[PDB]
């Protein structure tokens, strides 16, 4: 009721990270290996294409955060990187809809056309930001991001409480749960820790006065 358990797919910053409902996890996996087949056929069958622009949907063959090998992903072209002295080819930045991670320096050769079903299938990665807090400065510092990451791996499970949504993200109070084993006759006890407040108390963020 008050808390919904989630799986953390990818973390960029405390104001941008991506989750999924735990029961949905298998369907996400099925979608990913389904995506490999569709993308691979597309790549060799399609005519070569070089006209890629921002806002274009696509498949990208890229190595994501926890990938040992490059794999196909559903993506949206977020940026165009003009040729440079080190690299004389146009390249692109791609947002991976099922993971949430931005990938830079993607060659046109790694991009493939996307058909119309895999365009309207809802993105697996659900965007969130920590509610009621902001960085102490222009941007989230590396310390604060590292602190956030450290908190996430410091708990048994992760839970969110919704505080409304912005135009592309859901505002949440992130909860860490500890499980306490108290004898064979009694069930484990669960305690919840407020990660948002943990960032505040550690001096890694300050209260956002735009929130109520």
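Numbering follows the first chain given and starts at 1.
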Could you check which stretch, 40 to 48 or 163 to 171, carries the larger mean CA temperature factor in the entry?
40 to 48
Just to confirm, going by the entry's C-alpha B-factors, which of 130, 102, 111, 89 comes out highest?
89
If you rank the chain by CA B-factor, which third does residue 4 end up in: lowest, middle or highest?
lowest
Once the chain's modelled residues are ordered by C-alpha B factor and cut into thirds, is residue 189 in the lowest, middle or highest one?
highest
How does residue 32 rank on Cα B-factor within its chain, lowest, middle or highest third?
middle
How does the C-alpha B factor of residue 177 compare with the rest of the chain: lowest, middle or highest third?
lowest
Using the temperature factors of the C-alpha atoms in this entry, rank residue 21 within its chain: lowest, middle or highest third.
middle
